[PDB]
Novice: 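Okay, handing you the structure first.
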2 protein chains.
Amino acid sequence: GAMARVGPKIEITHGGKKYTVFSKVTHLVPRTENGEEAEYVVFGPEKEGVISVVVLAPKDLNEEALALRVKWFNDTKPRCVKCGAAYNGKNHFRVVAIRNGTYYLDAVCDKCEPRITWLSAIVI
Amino acid sequence: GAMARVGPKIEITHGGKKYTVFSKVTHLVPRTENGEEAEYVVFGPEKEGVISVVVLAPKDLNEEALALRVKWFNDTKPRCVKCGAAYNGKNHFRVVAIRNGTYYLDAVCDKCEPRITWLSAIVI
Ligand SMILES: [Zn+2]
Ligand SMILES: [Zn+2]
Ligand SMILES: [Zn+2]
Ligand SMILES: [Zn+2]
Ligand SMILES: [Zn+2]
Ligand SMILES: [Zn+2]
Ligand SMILES: [Zn+2]
């Protein structure tokens, strides 16, 4: 009976809030014309005290690296590119990031992009 | 009965020689620390008048783009990084390239790296 890791990688508190962070190694991610492969991060609405996070990336990200994505997002507070809304805990919100997670190419909410909810649902 | 494209994408003559170029869209390729995803190109030995080429890349490359890889290789004549040998038509030879195929990170021959022959054999 060989074990298998399942569910969230790490659970963290930050800014008085609790984040359950899932991740998947996938290359089904956006890329620049130049050839830099991006990552998706999707933030879910707070449900039962906890905000679900899903990081889809082409590389294996350790727990420190995963925790830093939440921090960078919380401290950047990026706005939806289509409507200007920030993640408020009631919506889903997706960023596309390159440069080892530090540079956002895109940010969008699920009222402007409903499909982002199916993205994280597949992992969650 | 739905058709399916098979075998080589393009066959080209250059420098008095004939190249049969295969390709595969794959993300099982090398990458830089920064996040630039590379491509493999493997040159086979001339057998029955023809040199087999196999381009493994994370993007869909049209026939012009595939033909340019052969040209850039023929005109660069890069040397094996481990022994200094050039592709001579008798050996297999692999380059790793980024920057839309123009910049070689690595070049190696199959006496120094025997596994490169299994790389192209899977596609061929
Ligand atoms: Zn803080
Ligand atoms: Zn990839
Ligand atoms: Zn929006
Ligand atoms: Zn939602
Ligand atoms: Zn020429
Ligand atoms: Zn060599
Ligand atoms: Zn060989």
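Just the heavy atoms: all of them, side chains too, but no hydrogens, waters or symmetry mates, feed the values below. All chains are named by letter (A, B, ...) in the order of the sequence lines, taking the proteins before the strands, and each is independently numbered beginning at 1.
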Novice: To the nearest 0.5 Å, how far apart are CD in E36(A) and CD1 in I98(A)?
Specialist: 4.0 Å
Novice: Hey, any chance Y103(A) and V108(A) share a hydrophobic cluster, counting ILVMFWY side chains that come within less than 4.5 Å of each other, even indirectly?
Specialist: no
Novice: Could you tell me whether a side-chain N or O of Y87(A) sits under 3.5 Å from a main-chain N or O of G44(A), the two making a donor and an acceptor?
Specialist: yes
Novice: Before you tell me yes or no, could you show the steps for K17(A) and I51(A) under side-chain contact (heavy atoms from CB on, under 4.5 Å), namely the whole-Å CA-CA distance, both residues' side-chain angles and the distance that decides it to 0.1 Å?
Specialist: CA-CA 8 Å; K17(A) 308 191 203 171; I51(A) 298 169; 4.1 Å; yes
Novice: Tell me, with the steps shown, if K82(A) and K111(A) meet side-chain contact (heavy atoms from CB on, under 4.5 Å).
Specialist: CA-CA 10 Å; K82(A) 310 215 202 168; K111(A) 81 153 184 266; over 6 Å; no
Novice: With a 4.5 Å heavy-atom cut-off, do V54(B) and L119(B) have their side chains touching?
Specialist: no
Novice: Determine whether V81(A) and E113(A) make a side-chain contact, defined as any pair of heavy atoms from C-beta on separated by less than 4.5 Å.
Specialist: no
Novice: Could you tell me if the side chain of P30(B) sits less than 4.5 Å from the side chain of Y40(B), heavy atoms only?
Specialist: yes
Novice: If you measure from NZ on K77(A) to CG on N88(A), what distance do you get to the nearest 0.5 Å?
Specialist: 13.5 Å
Novice: Kindly work out whether a path of hydrophobic side-chain contacts (I/L/V/M/F/W/Y, heavy atoms less than 4.5 Å apart) joins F93(B) to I12(B).
Specialist: yes
Novice: Look at the side chain of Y104(B) and the backbone N and O of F73(B), then say whether any donor-acceptor pair between them is shorter than 3.5 Å.
Specialist: yes
Novice: Between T76(B) and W72(B), what is the shortest heavy-atom contact and its length?
Specialist: OG1-O, 2.6 Å
Novice: Run the side-chain contact (heavy atoms from CB on, under 4.5 Å) test on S23(A) and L61(A) for me, step by step, so that the C-alpha distance in whole Å, both residues' side-chain angles and the decisive distance to 0.1 Å come before the verdict.
Specialist: CA-CA 8 Å; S23(A) 81; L61(A) 295 176; 5.7 Å; no
Novice: If every non-hydrogen atom of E64(A) is compared with every non-hydrogen atom of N62(A), which pair is closest and at what distance?
Specialist: N-OD1, 3.2 Å
Novice: Is a side-chain donor or acceptor of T26(A) paired with a backbone partner of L28(A) at a separation under 3.5 angstrom?
Specialist: yes
Novice: When rounded to the nearest 0.5 angstrom, what is the spacing between NZ in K90(B) and NZ in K47(B)?
Specialist: 13.5 Å
Novice: For atom NZ of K24(A), is the number of surrounding heavy atoms from other residues, nucleotides or ligands below 6.0 Å larger than 12?
Specialist: no
Novice: Can you give me the closest heavy-atom contact between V123(A) and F22(A), atom names plus distance?
Specialist: CG1-CB, 4.1 Å
Novice: Show your working on side-chain contact (heavy atoms from CB on, under 4.5 Å) between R99(A) and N34(B) and close with a plain yes or no.
Specialist: CA-CA 6 Å; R99(A) 319 294 200 178; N34(B) 160 252; 4.1 Å; yes
Novice: List the atom of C109(B), the atom of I116(B), and the distance in Å for their closest heavy-atom pair.
Specialist: C-CD1, 3.8 Å
Novice: Answer yes or no: is there a side-chain heavy-atom contact under 4.5 Å between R31(B) and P58(A)?
Specialist: yes
Novice: Are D110(B) and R94(B) close enough for a salt bridge, meaning some N to O gap below 4.0 Å?
Specialist: no
Novice: For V29(A) and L56(A), work out which heavy atoms get closest and say how close.
Specialist: CG1-O, 3.9 Å
Novice: Heavy atoms, side chains only, cut-off 4.5 Å: are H92(B) and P45(B) in contact?
Specialist: yes
Novice: For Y19(A) and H14(A), take the angle between the two ring planes, folded into 0 to 90°, and tell me which bin it lands in: parallel under 30, tilted 30 to 60, perpendicular over 60.
Specialist: tilted
Novice: Specify the closest pair of heavy atoms between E39(B) and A57(B), including all atoms of both residues, with the distance to one decimal.
Specialist: CB-CB, 3.9 Å
Novice: To the nearest 0.5 Å, what is the distance between OG1 on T102(B) and CZ on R69(B)?
Specialist: 8.5 Å
